[PDB]
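Here are the chains, one letter per residue:
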Amino acid sequence: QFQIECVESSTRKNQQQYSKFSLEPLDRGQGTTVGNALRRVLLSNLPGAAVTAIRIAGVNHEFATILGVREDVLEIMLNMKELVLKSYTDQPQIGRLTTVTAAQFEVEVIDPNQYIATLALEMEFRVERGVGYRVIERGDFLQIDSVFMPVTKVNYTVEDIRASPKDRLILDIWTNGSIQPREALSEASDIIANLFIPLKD
Amino acid sequence: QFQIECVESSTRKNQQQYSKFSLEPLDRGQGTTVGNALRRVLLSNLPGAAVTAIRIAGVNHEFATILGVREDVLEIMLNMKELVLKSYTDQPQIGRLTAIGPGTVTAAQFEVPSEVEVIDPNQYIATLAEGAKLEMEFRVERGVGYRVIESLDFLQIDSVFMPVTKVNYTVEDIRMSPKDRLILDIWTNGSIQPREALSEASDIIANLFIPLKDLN
Amino acid sequence: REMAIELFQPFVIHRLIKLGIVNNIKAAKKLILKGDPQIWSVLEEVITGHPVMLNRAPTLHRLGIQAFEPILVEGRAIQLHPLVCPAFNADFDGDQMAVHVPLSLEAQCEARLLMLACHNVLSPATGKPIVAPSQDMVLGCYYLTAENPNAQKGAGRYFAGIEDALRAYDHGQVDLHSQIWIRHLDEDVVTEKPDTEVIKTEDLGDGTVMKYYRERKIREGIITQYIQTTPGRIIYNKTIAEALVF
Amino acid sequence: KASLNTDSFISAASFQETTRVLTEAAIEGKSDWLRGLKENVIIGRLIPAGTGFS
Amino acid sequence: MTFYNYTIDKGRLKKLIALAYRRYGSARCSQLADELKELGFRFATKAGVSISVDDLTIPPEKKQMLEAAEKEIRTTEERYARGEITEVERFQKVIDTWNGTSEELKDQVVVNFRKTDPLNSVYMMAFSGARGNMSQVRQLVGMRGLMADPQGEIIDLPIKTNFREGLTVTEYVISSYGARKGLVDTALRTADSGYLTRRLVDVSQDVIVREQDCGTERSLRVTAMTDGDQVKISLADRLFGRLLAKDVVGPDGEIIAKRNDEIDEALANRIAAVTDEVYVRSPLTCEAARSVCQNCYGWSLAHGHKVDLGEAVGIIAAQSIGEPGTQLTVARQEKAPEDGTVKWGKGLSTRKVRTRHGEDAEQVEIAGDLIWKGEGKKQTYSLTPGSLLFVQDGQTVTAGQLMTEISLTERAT
Amino acid sequence: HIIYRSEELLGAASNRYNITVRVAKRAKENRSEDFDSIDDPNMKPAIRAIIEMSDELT
Amino acid sequence: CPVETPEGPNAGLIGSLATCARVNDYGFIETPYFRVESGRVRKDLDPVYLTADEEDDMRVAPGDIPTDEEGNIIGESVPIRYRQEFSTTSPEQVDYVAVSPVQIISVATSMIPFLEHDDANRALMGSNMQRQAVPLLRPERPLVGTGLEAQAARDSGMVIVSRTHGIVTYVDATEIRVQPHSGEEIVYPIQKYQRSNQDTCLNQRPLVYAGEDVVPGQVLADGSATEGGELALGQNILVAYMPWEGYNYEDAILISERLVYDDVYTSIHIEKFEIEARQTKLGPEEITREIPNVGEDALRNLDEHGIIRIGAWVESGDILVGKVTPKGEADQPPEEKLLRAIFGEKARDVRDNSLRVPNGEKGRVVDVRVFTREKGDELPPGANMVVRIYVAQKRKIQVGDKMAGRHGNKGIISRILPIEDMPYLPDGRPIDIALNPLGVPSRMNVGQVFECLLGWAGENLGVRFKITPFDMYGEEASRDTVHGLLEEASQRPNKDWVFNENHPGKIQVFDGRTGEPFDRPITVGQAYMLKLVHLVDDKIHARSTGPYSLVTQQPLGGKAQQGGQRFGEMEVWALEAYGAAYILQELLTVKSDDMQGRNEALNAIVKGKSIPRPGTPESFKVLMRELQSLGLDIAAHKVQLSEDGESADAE
RNA sequence: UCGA
Ligand SMILES: [Mg+2]
Ligand SMILES: [Zn+2]
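A. Layout of empty space enclosed by the protein. There is about 160 Å³ of room inside the largest cavity. Together, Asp251(G), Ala252(G), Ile253(G), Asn409(G), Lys410(G), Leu435(G), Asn436(G), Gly439(G), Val440(G), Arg443(G), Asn445(G) and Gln448(G) line the largest cavity. Elements with a minimum of two residues in the lining of the largest cavity: strand 16 (252-256) and helix 5 (439-443) of chain G. The element that contributes the greatest number of residues to the lining of the largest cavity is helix 5 of chain G, accounting for three residues. Its residues assigned to classes, the lining of the largest cavity shows four nonpolar, five polar and three charged. Within this model, the second largest cavity holds a volume of roughly 110 Å³. Taken together, 14 residues line the second largest cavity, and the ones lying closest to its centre are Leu136(G), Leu137(G), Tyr193(G), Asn203(G) and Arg205(G). Residue assignment for the lining of the second largest cavity shows that the elements contributing at least two residues are helix 2 (73-79) of chain B together with strand 17 (267-280) of chain G.

Below, the structure is given as structure tokens:
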């Protein structure tokens, strides 16, 4: 006795998908422990791909400016942080770069026009696959801060189904654009199911 | 990975069973995901059995007394409300009780049918003093959580079906890996074991994530 | 439910004969007092769009009588909104409120267009609003935009915009009171003790000068602008953006 | 004092000194044209303010 | 959009609600207050604010300021036994000492709540204006004060403890005199404000806005409401929601303000910065038949725009005055940074007089430069008629001593 | 979105006590026109007079 | 007593006598005092009992000065009162001293621990809410009691005390039989579930066992709101001062589900119904079972006498006593004569006047005592049979009930959460009540923080402290008593999380929904809350159309007679300040005082077509006929063209 | 009398 369907879906101008699910019928108190366990896995324990290290010629540290580019080298570390792509669990490779001209890249790039530069530029970056985040302390490639977050925002509300009473879970998933919100729910449910199958004994 | 082990297993005087489990290793932040989801199921979703109705065979309502008994009908129903019972038939059973003499009435004087046992003996029921006789009988039904009572001279009791009393868990770090170690404390009332309650609570959470990854 | 079935009793009886369940009032009144679950489905379809005026004695000003759209809840008390509590001067220690139900069609249009609670933000005495956070939501907003000088956990980090800091709060990256530089290209930035002077002027190469401030960091020739703030002030500023822009 | 020296005897008798207003209104032969508030409430009509203005 | 980069209080939240009404209306303003209370309810549970005993931080300078205040009482009681002061001069010294001591304790509470810990549970409820008040905080961590009799006479025995240290049996019956007085004054306040509200309704029940314009030429001159030294209501707060009757031409004949112009919230700040006396349209100067004109009344203060035809303004005026009826209960100091001998001179006829305390002070009834001695810094001070001086010709004062007290009745037994 | 439709109707009308009579006088025409067997429980005649008056306002 | 007085209209006119006060034969109140001789309190002999003659003659010190063990007085400056003024004189100049620090306060104010830390305005409310607490099913003694609860239980008269110093022989639920020693078998009767005046219970439970020595002055059987020995008006449960998600916003209470199924705050209320078979002049009324127009749906609990049996579960809308009344109208309308002539079934001469259960009432019938004639009892004139029905019900604690404590922290429960949603202590124990800490510093309720922090020390130790009010050393008797005894409970090897060195009166509390700890530590403790009489069942009232008045033809007022809410003069001024002219005309014409307008308005909703223009109300036509009887020719005219005619408002 |  369980059914799950999507109420509505939406997609903005940039490739950022959004969907709303509905869980019915859940027991009295089971609607909160399902939506809260799905929130911590979808936001933290999800493998993603991001840019971790760049290499620009003529640049020594993170505060020096490079000739030809309007912005500083810190802005290149911030514009390359929000790069939406997927590595498909491969070894770390080397990427190249020769208006914004964001359509060119040396991995399927999702929404390939956000910001690169506004110069009136030769960059060499790498792509790693992992989970979590990493902060690079100062003091070759210049390692930048990278966040592997395939799902950006998860909201859930629990309401009463009927008047033993039942619950209804309304789950909202705001993904990055690399994976589908329906696909991300199937991956997060595989992680929670693998933690209680050896616990059953 | 995921080595489940039991640290200690304490047992009170036939009234409580405390066991301490351990989980090693885990992920960087999954010490709260496994811990809090197992606590909410163990305290609200574990089924149990208790006394639902009592026919005292001679008093029609609950606000009267019996000649010769120290307690009235209301204090008898409160002593049978905290009675620890269990069953396997998933059917309402009938158990009888007789008492003749000036001694106290305990849980060992019951007459329960097959596949129904009393876990804790010497449970305090009302006392008799040398001049009366009690011929009450009770009904043992199963349920989940707490039920609201809103036949022939039967007195309904709003019984509880919670075998697990309190669950405590702490998250500890292991020694670069951000992995955690989760220990769990389960306090039962004797009707179920903490190793059996952990297997039943893990069955509900695993079945709650079966059709979320196949259809999606 | 047991109070709505008595106040809306001529409206439930009319819907029962219209749907074809009963034929008269004697067949409808016996069906109401019996307690069938089909009666509560009729009462759910009646109160939608029917305004109900709520009233607390004594009525000092005119905002002590406001109209609401009722919903059938579980319990035996009136679930009042906490934002209309300074309007009614109501405290939850024994206050009772009178319920009134209009009948005619002209009275329903006057309770909705003139007496609704959403159109009574400003007081009639002064020009100041009374629909505002008063007790428990001021303490939730004071702690959110505060400054805790001990629990930083990653202060002094540069983020790319507003949405980069909201995605870093769902992780364990930053705390609520961490000193966080936020790239914000807007100029309308208000703060406590504002200043226009430029201290610690630092010049980069190729004529680019950095304009340092007490809380801002503007790259002049405006190229970039970094704002030192806390992630609690970004969640507060994001709430006003999704509520005023629809 | 200004509430009792109005043109309406019904609005002044319901406020204060009912035996003094109706004694003066009967001798002088006063007439109430039901103008303003606090008379149509007693009569049972629409008030001249709000939506009962026109 | 704007970025609020500061800590949000209650008064800063009311400016956000009033800004959403002026730009968006009433529907989007109610949605902003509906979303601001979801944000407050979420981060108050996540905070875990709690009151404790040791959260009520008593400042450690209370013991050093109580034993210094009792030394001023002990040097006054011994002077009373020598016949140097009267009973009124002794009573004026005891009450002014304990009331002055509680002012140093009240200021030390706010200083100690900012240096020890800025996030305190008692300080957060009082500084943000959630429910607390500084008159209630000073009774928890400071001194209780000087209570009075049931007739009104201030007892000379103070209550040096508070609600954290615990009161005595003697200090509990003194505090019960004000609790009974504050209880029986509440019940008589509701009966006096209820009869006052009923009398205001019947005198203004037939005041309905019937006509649109009357065509009058009179006006009402309004200025800044100054209650002597300090101001209470500014000029920008009185021009809000009222039309104009005369033009405001301050710089070069500026035509920014014309006749019959509705003054907005930001427009009132522009008129108050140019002139001081503005002639506006008022119902006191209205010439109408049994009514108030639409232009003479002004704006609707609960709607933000002008009033409409056929609505009773006298019922709203009687309700706005009768609603807060149930909640209705000249000399400076001198100092000197140098120690030396003052020079009186023959230019001032400083006569001898007695002050309200039991000390002698030479009263000056004319002007004069009260110059004190100094090495390099010639410290000078001007006199004032009616005040009194303390220093005598030939006395060497200490560092930071009080030179004089310049000035910037009822009969009793 | 009914409260957003009512604030647009009360604005740009110069009399808030006159446009609420036209809503109440149009809801009685919508009730007499809905005398058939089809009765919508979500769209009352008092609510339908506000949506139809705001569409013709523009 | 300067504290205990009712607030509102009778503020100060109705006082209360103090604890040690006594009235002599002349009618003056006296207070006991100990003699002080040369700076030494002579606590050896009887007091003096001064009859308010210590004003202009004696110097009286209160019971708060530090004294020594028979040597002298420790303090050098003793505050006294002389001629209605307070002063501090030498200890060798005083004459009398008080005998107790609770001599000023009454017997109800003395049940509040830490009275010196609370405000006098909230102590006024805490003494009044203690007199409204219902007797629970199983009461529990307080852990932070003052010690005076044992004296107030014996003087109430509902506690069976021993008088013989004998041996207890037989104890059951109805009587206690002992034998006196230095006709020797006395019987102490025990009442079981007797009805009180305020619809509560007066149940007594046996305490002693068979074969136990007793003393004159020993508790043999406690009352309903009385535990063993001392008084018990509430329960000791866990509390936490933390704001939830708006559920404790403005003096609201958030409780858990554990208080429901453990029968906590569960009281028994016994209501009493009344019916009488009077003598109608058309024919005598009698109680039968065969009543017209009632089938087998309500004739299940009758014993062929018209009266219900004992132990029958009655719900809302049943029939307790079936009574008929003869009628002699014979004025049938032509519609009813045609309807009866088709299907037959001619109407009887009787009318059903059966006693029925009101709305929102249920329970179990426990006493069906019938008092008729020729049995040995007197009856009122015009009555044949008097039937009295007592119905008892068991009420649990629900949403909307008014609960309070001993310090004036009243509130109404708005939500009952399960135990998995409530916050929990680091041992796994959940939190019962989540109170709001915002109401504490604005009302100076400091003693309720001292009470919960001391009761939490008595929870882990199990010692049941007795703290008298109005101390001892300053700052060493309230803070270091609580924090000193909390350190002793943390010295146990199993309880190390009870006390913390950084934050003393706080621990770390974990969230029940997410499992994450809160950012700041929260004060927990064992609070003693009471359950008041202002339940949610007695405040529910609703009316569609019921009875009307006799003269003005207006709806009546009252919950027990289906009355309507009054729309007074302050409520008209709010609608007159609005634009609601059609709502004001509707509330005054078709809802009250119109015999014609109420018929057409009720017929319009059932048919579906509303009609405007109601008629003239009835209350104006009553005033028109009353002014014409005063000798005033008052009438209404018409100002139409060339016609000045009087209008007939009545006809 | 008692609640707001
Ligand atoms: Mg209140
Ligand atoms: Zn005018």
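B. Representation of the pattern of salt bridges. Per the counting criterion, the structure on display carries 79 salt bridges over all chains. Of the charged contacts, one joins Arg177(G) and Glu175(G) as a salt bridge, the two residues approaching to 3.2 Å between their closest N and O atoms. The class for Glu175(G) is partly exposed, based on a relative accessible area of 21%. Among the ionic pairs, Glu618(G) bridges to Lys621(G), the shortest N-O distance being 3.5 Å. With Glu618(G) and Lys621(G) both in helix 11 (residues 618-628), this residue pair falls three residues apart, about one helical turn. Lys621(G) carries the same exposure label as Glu618(G), and that label is buried. Each of the salt bridges in this network shares a partner with another, and the network as a whole consists of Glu2(C), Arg76(C), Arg395(G), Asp537(G) and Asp538(G).

C. Representation of the coordination of the zinc ion (ligand 2). All names here are of chain E. Around the zinc ion (ligand 2), the donor atoms from the protein are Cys214 (SG), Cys286 (SG) and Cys296 (SG), and they sit 2.5 Å away. As a motif over one chain, the donors of the zinc ion (ligand 2) read C-x71-C-x9-C. With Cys214 in the loop between helix 7 (169-202) and strand 2 (220-222) and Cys296 in helix 10 (residues 294-297), this residue pair connects regions lying 82 residues apart in the sequence. We classify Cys296 as buried; its relative accessible area is 1%.

D. Geometry of the pairing of strand 7 (residues 86-89) of chain G. Bridge analysis of strand 6 (residues 78-81) of chain G against strand 7 of chain G gives four bridges, and the strand direction is antiparallel. Bridge pairing in strand 7 of chain G places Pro79(G) opposite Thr88(G).

E. The UniProt feature "binding site: Zn(2+)" in chain E, seen in detail. Residues and elements named next belong to chain E. Mapped onto the present numbering, the UniProt feature "binding site: Zn(2+)" falls at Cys214, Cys286, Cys293 and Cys296. Judged by maximum C-alpha separation, these annotated positions cover 83 residues in sequence but sit close together in space, the widest gap being only 8.7 Å. Look past the residues within four positions of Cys286 in its chain and what remains in contact with it is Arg218, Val292, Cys293 and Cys296. Take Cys293: it is sitting in the loop between strand 5 (278-280) and helix 10.

F. Just the arrangement of the chains, in detail. Kept free of each other, chain B and chain D leave a smallest C-alpha distance of 49 Å between them. Between chain A and chain F there is no contact, and the shortest C-alpha to C-alpha distance separating them is 19 Å.

G. Local environment of the interface of chain C and chain E. The partner chain E presents 55 residues to the 58 residues of chain C that form the contact. For the side of chain C that touches chain E, the secondary structure elements donating two or more residues are helix 7 (136-144), helix 8 (162-169), strand 6 (189-191), strand 10 (225-229) and helix 9 (231-244) of chain C. It is helix 9 of chain C that provides the largest number of residues to the side of chain C that touches chain E, a total of ten residues. Here the residues of the side of chain C that touches chain E are counted per class, giving 33 nonpolar, 17 polar and eight charged. In this structure, strand 6 of chain C lies alongside strand 1 (residues 3-5) of chain E, joined through three bridges in parallel fashion.

H. Geometry of the interface of chain E and chain G. Contact with chain E, which involves 52 residues of that partner, is made by 67 residues of chain G. Here chain E meets chain G over a buried area of about 5,200 Å², counting both sides, of which 62% is carbon and sulfur. When the buried surface of chain E facing chain G is broken down by residue, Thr45(E), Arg131(E) and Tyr172(E) rank first, second and third, together holding 15% of it. Applying the counting criterion to the chain E and chain G interface returns five salt bridges. A salt bridge links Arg198(E) to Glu569(G); the shortest N-O distance between them is 2.8 Å. Inspection of the region where chain E meets chain G yields 19 residue pairs in polar contact.

I. Main features of the environment of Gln84(G). By the secondary structure assignment, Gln84(G) is in the loop between strand 6 and strand 7. Along the chain, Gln84(G) and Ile176(G) lie 92 residues apart, while their C-alpha atoms are 54 Å from each other.

J. Summary view of the nonpolar core. With 123 residues, the main nonpolar core has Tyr236(C), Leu32(E), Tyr265(G) and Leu486(G) as its most contacted residues. Among the nonpolar cores identified, the runner-up in size contains 56 residues, and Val41(A), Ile179(A), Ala206(B) and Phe510(G) belong to it.

K. Up close: the packing of helix 9 of chain C against helix 2 (residues 27-45) of chain E. Running from amino to carboxyl end, helix 9 of chain C crosses helix 2 of chain E at an angle of 150°, the nearest separation of the two axes being 9 Å. Compared by their axis directions, helix 9 of chain C and helix 2 of chain E come out roughly antiparallel. When you trace helix 9 of chain C past helix 2 of chain E, the crossing you get is right-handed. Seen from helix 9 of chain C, the contacting residues are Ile235(C), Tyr236(C), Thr239(C), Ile240(C), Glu242(C), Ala243(C) and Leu244(C); seen from helix 2 of chain E, they are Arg28(E), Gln31(E), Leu32(E), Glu35(E), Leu36(E), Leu39(E) and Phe43(E).

L. Representation of the packing of aromatic side chains within the structure. The final tally for this structure, using the stated rule, is 21 aromatic pairs over all chains. Here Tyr172(E) and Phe470(G) contribute two aromatic rings whose centre-to-centre distance is 5.2 Å and whose plane-to-plane angle is 70°, an arrangement assigned as edge-to-face. Of this pair, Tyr172(E) sits in helix 7 while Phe470(G) sits in the loop between helix 6 (447-461) and helix 7 (479-489), each in a different chain. One aromatic cluster in this structure is built from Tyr142(C), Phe113(E), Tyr123(E) and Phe127(E). The residue whose ring lies beneath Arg139(B) is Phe154(B), and the NZ or CZ to ring-centre distance is 4.5 Å. One cation-aromatic arrangement involves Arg1(C) over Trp40(C); the distance from NZ or CZ to the ring centre is 4.3 Å.

M. The sheet that holds strand 29 (residues 433-435) of chain G, seen in detail. All names here are of chain G. Spatially, 16-28-27-30-15-29 is the arrangement adopted by the six strands of the open sheet, whose pairing is mixed. Of all strands in the sheet, those bounded by a partner on one side alone are strand 16 and strand 29. With direction set aside, neighbouring strand axes in the sheet form an average angle of 50°. Here strand 27 (residues 402-404) pairs with strand 30 (residues 524-531) via two bridges, running antiparallel.

N. Spatial organisation of the packing of helix 8 of chain C against helix 9 of chain C. Residues and elements named next belong to chain C. Between helix 8 and helix 9, the shortest axis-to-axis distance is 10 Å and the interhelical angle comes to 120°. By the angle between their directions, the pair helix 8 and helix 9 is classed as oblique. Crossing geometry of helix 8 relative to helix 9 is assigned as left-handed. Here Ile162, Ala165, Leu166 and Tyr169 of helix 8 lie close against helix 9, whose contacting residues are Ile234, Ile235 and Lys238. For the contact of helix 8 with helix 9, the per-class residue count stands at six nonpolar, no polar and one charged.

O. Summary view of helix 6 (residues 134-141) of chain E. Three or more residues of helix 6 of chain E are buried, namely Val137(E), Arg138(E), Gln139(E), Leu140(E) and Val141(E). Considering only its buried residues, helix 6 of chain E is in contact with helix 4 (87-115) and helix 5 (121-127) of chain E together with helix 5 of chain G.

P. Focus on the side chain of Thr20(F). Relative to the helices and strands, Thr20(F) resides in helix 2 (residues 19-33). Apart from residues lying up to four places away in sequence, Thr20(F) is in contact with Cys109(C), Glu110(C), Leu113(C), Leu114(C) and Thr51(D).

The rules behind the values
- Residues numbered from 1 in each chain as written, not as in the entry; some residues may be left out.
- Chains lettered and ligands numbered in written order.
- Part of a larger assembly, values for the part shown.
- Heavy atoms only, no water.
- Residues with missing side-chain atoms left out of burial classes, pairs and counts.
- 1 Å grid on protein atoms, 1.4 Å probe; cavity = no way out; pocket = protein on both sides within 12 Å on 5 of 7 lines; lining within 4 Å.
- Points joined across faces, edges and corners; volume = space filled by probe spheres on them.
- Helix = DSSP H or I, 4+ residues; strand = E, 2+ residues; numbered from the N terminus.
- Nonpolar A, V, L, I, M, F, W, Y, C, P; charged D, E, K, R; others polar.
- Salt bridge = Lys/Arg side-chain N within 4 Å of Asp/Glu carboxyl O.
- Buried < 20%, exposed > 50% of the residue type's maximum accessible area, 1.4 Å probe, protein only.
- Donors = N, O, S within 2.8 Å, 3.2 Å for Na, K, Ca; no water.
- Pairing = 2+ DSSP bridges.
- UniProt positions renumbered as here; feature names shortened; annotations may be inferred.
- Contact = heavy atoms within 4.5 Å.
- Buried area = accessible area lost by both parts, 1.4 Å probe.
- Polar contact = N/O pair within 3.5 Å; in protein donor to acceptor, adjacent residues only side chain to side chain.
- Core = buried A, V, L, I, M, F, W, Y, C linked by side-chain atoms within 4.5 Å.
- Axes fitted to C-alpha atoms, helices over the stretch in contact; angles between N-to-C directions.
- Parallel < 35°, antiparallel > 145°, perpendicular 65-115°, else oblique.
- Left-handed = near helix turned anticlockwise from the far one by under 90°.
- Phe/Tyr/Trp six-rings, centres within 6.5 Å; stacked < 30°, edge-to-face > 60°.
- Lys NZ or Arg CZ within 6 Å of the ring centre and 35° of its normal.

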